[PDB]
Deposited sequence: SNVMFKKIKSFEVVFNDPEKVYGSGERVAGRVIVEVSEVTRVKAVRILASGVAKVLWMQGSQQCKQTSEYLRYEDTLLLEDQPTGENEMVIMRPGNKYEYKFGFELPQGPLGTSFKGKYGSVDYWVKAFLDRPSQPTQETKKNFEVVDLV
């Protein structure tokens, strides 16, 4: 019914070593037996190019955090905000912006997972920027 990520600062951009924290906010219309809510956070640097007829792709993992949040099976009900809290630290040193500069893309985000027994996990995704503290 409603499944957002929301960071403590809605307008913040983060640098190296800083801690991204926020909430996961859920709303059900019907009554729901949720298995669990989770989170994957990723800092990936892609760069893609041609090479004759080849397409090459070269990746870099700067960030990769997985958490199961809390508030071990839950009865969600309508008219409440089931809020789940999460937080981690981006690495020290480079965070991607300037992988090999310009043409090298950085890609930061938080995904929220919702699991229910018999039910295909739902997702929701929110981007966030980082600045190189470099």
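Against the full deposited sequence, the model leaves out several stretches, namely 1-8, 80-87.
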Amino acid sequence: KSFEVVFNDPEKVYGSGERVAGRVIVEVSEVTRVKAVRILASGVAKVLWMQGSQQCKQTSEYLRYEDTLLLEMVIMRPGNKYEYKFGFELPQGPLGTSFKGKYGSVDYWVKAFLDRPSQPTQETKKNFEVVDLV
From here on, numbers count along this sequence of modelled residues.
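In this entry, 88-96 shows the higher mean Cα temperature factor of the pair 88-96 and 46-54. Looking at mean Cα B-factors across 60-68 and 74-82, the upper value is held by 74-82.
When the modelled residues of the chain are ordered by their C-alpha B factor, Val37 lands in the middle third.
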